[PDB]
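Following: one structure in structure tokens, then a few remarks.
In this analysis, Cβ positions are derived from the backbone assuming ideal geometry, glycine residues included, and neighbour counts consider all displayed protein chains. None of the figures in this text is laboratory data; all of them are computed from the coordinates on show.
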Number of protein chains: 2
Amino acid sequence: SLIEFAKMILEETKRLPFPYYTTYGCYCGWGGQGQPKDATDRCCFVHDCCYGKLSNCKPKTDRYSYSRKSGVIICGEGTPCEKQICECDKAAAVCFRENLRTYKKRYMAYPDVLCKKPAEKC
Amino acid sequence: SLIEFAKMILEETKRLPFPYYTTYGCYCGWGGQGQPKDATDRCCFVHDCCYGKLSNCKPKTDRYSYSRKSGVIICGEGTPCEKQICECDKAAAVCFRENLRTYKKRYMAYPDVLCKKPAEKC
């Protein structure tokens, strides 16, 4: 679901999902358009496309389980749906972790207006 | 800022702000576009009205400190903004906690067209 993704975000970025990544740029937010701002903002783009590939599943609601080995998310527990959703969340979270340097705090609460131009094909 | 408020939400409701409250109801989850359908949904309304009484403060971005006595949030000293913003966030988080008995997980990502637009005046 989005809960495990949130916990993943906290575990990988050491920053809470809100407000750091739920109101960011043009895609890191409930429904996004336009081109993505920075590298972090694009991670959410890839996350959406990833979710979009899983039409056979319910990425936002279907809860899953995940564990760690050498400090890396495994997420290999249940259904292929859950597995792939977990995979998307893992990719997005790691992408957040790898772009802490590029991360701009000014892009928090980046308005839907000035977010131009709608949109970008996956 | 919303960072401190997020940490307050996590500390008081024992749940991450996202997705439990960022996406809740018609006011919390839809940028205050709709009428609150819950007590905890109304908490966001009162919180937002608290930000309204404050100017020219920047509640979203301006940081502040807060301690914890016997289970109670203690706002730090400084600019009047930093204190009153903290009081808004505190009142809001405490409000979230006190209405955990009313909290409905099913109100997460509530349908937009089911929301009554707009909300009331503060």
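Across the identical copies, the label point of B:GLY31 (7 Å from Cα in the Cβ direction) is separated from its matches by 1.0 nm, in order from shortest.
With label points set 7 Å from Cα along Cα→Cβ, the inter-copy distances at A:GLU11 are 2.5 nm, sorted shortest first. Distance from the alpha carbon centroid of the range B:100-122 to that of the range A:44-122 works out to 25 angstrom. Here the Debye sum runs over all C-alpha atoms of chain B as equal scatterers in vacuum, and log10 of I(q)/I(0) at q = 0.13, 0.17, 0.19, 0.23 Å⁻¹ comes out as -0.49, -0.82, -1.00, -1.34. Among the GluC sites (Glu not before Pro) found in the range B:1-93, those both in a DSSP coil and sparsely packed, with 13 or fewer other Cβ atoms within 10 Å of their Cβ, are B:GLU77. Within the listed set A:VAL94, A:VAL46, A:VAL72, the Gaussian network model of chain A (springs between alpha-carbon atoms below 10 Å) gives the highest mean-square fluctuation for A:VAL72. Computed over chain A, the per-residue total of -39500 (n - 2.57) for DSSP H runs of n ≥ 4 gives a 222 nm mean residue ellipticity of -12000 deg cm²/dmol, rounded to 500.
Chain A's nearest residue to the axis relating it to B, judged by Cβ and reported with the distance in whole Å, is A:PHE18, 2. Placing a label point 7 Å from the Cα of B:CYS122 along the Cα-to-Cβ direction, the residues of the range B:35-57 whose backbone N falls under 14 Å from that point are B:43-57. Angle between the Cα long axis of helix B:80-98 and the longest principal axis of chain B, 0 to 90 degrees, nearest 10? Its long axis makes an angle of about 50 degrees. For B:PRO118, the distances from its label point to the matching points in the remaining copies are 2.0 nm, ordered from shortest, with each point set 7 Å beyond Cα toward Cβ. On the basis of the beta-carbon distance and an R0 of 30 Å, A:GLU77 and B:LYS105 show a calculated FRET efficiency of 0.90.
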